[PDB]
Amino acid sequence: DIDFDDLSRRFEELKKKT
Amino acid sequence: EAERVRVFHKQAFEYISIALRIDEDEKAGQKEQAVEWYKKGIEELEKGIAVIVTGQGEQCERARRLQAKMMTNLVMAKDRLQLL
Ligand SMILES: [Ca+2]
Ligand SMILES: [Cl-]
């Protein structure tokens with residue numbers, strides 16, 4: 001069940017590639 | 001109150017989701033599109049988190065739980081937007 005915490009994890013994954 | 005939280009929550013979720021999809025797509029040249037969707041999502045998050053929810057009870061508690069998840073996401077979204 002995708003919720004905002006799952007979207008926040010997607011931001012974290014983008015940040016690790018910065 | 002709870003009804004308004006639910007509307008902002010759903011709209012924010014959709015705007016942030018499309019922004020993330022574009023931002024995650026390794027192809028180049030589309031960050032400008034992601035930026036605009038992030039701005040739309042951030043606006044919905046800010047309004048939704050600030051909705052006043054009064055009193056106790058299950059629906060109030062559920063709304064506040066959505067607001068807490070929105071708040072975590074808002075911090076992340078603003079942090080991403082500054083880099084684009
Ligand atoms: Ca979850
Ligand atoms: Cl959520």
# chains A, B, ... in the order shown; residues from 1 in each chain; ligands from 1

call {"tool": "residues_near_ligand", "arguments": {"ligand": "ligand 2", "cutoff": "6 Å", "atoms": "only C-alpha atoms and all ligand atoms", "output": "VMD selection string"}}
result
(chain A and resid 3 to 4) or (chain B and resid 66 69)

call {"tool": "closest_atom_pairs", "arguments": {"of": "chain A", "to": "chain B", "cutoff": "7 Å", "atoms": "only C-alpha atoms", "output": "CSV"}}
result
residue,atom,partner,partner_atom,distance
A:4,CA,B:69,CA,5.7
A:5,CA,B:69,CA,6.1
A:8,CA,B:73,CA,5.2
A:11,CA,B:76,CA,6.3

call {"tool": "closest_residue", "arguments": {"among": "B:65, B:52, B:14, B:27", "to": "ligand 1", "atoms": "only C-alpha atoms and all ligand atoms"}}
result
B:65

call {"tool": "atom_distance", "arguments": {"atom1": "CA of residue 7 (chain B)", "atom2": "CA of residue 14 (chain A)"}}
result
27.0 Å

call {"tool": "closest_residue", "arguments": {"among": "A:7, A:18, A:13, A:2", "to": "ligand 1", "atoms": "only C-alpha atoms and all ligand atoms"}}
result
A:2

call {"tool": "residues_around", "arguments": {"residues": "residue 64 (chain B)", "least_positions_apart": "3", "cutoff": "9 Å", "atoms": "only C-alpha atoms", "output": "number ranges by chain"}}
result
B: 2, 5, 49, 53, 59-61, 67-69

call {"tool": "select_by_dssp", "arguments": {"residues": "chain A", "states": "alpha helix (DSSP H)", "output": "number ranges by chain"}}
result
A: 4-16

call {"tool": "atom_distance", "arguments": {"atom1": "CA of residue 8 (chain B)", "atom2": "CA of residue 30 (chain B)"}}
result
25.7 Å

call {"tool": "decode", "arguments": {"residues": "chain A", "atoms": "C-alpha atoms", "output": "CSV table (one decimal), in the first residue's frame"}}
result
chain,number,residue,atom,x,y,z
A,1,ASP,CA,0.0,0.0,0.0
A,2,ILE,CA,1.8,3.1,-1.3
A,3,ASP,CA,1.5,6.1,1.1
A,4,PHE,CA,3.5,9.3,1.6
A,5,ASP,CA,6.2,7.5,3.6
A,6,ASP,CA,6.9,5.4,0.4
A,7,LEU,CA,7.2,8.7,-1.6
A,8,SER,CA,9.6,10.0,1.1
A,9,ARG,CA,11.8,7.0,0.6
A,10,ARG,CA,11.8,7.7,-3.1
A,11,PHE,CA,13.2,11.2,-2.3
A,12,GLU,CA,15.8,9.6,-0.1
A,13,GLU,CA,16.9,7.4,-3.0
A,14,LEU,CA,17.2,10.4,-5.3
A,15,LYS,CA,19.2,12.2,-2.7
A,16,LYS,CA,21.7,9.4,-2.4
A,17,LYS,CA,22.4,9.8,-6.1
A,18,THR,CA,23.2,13.5,-5.7
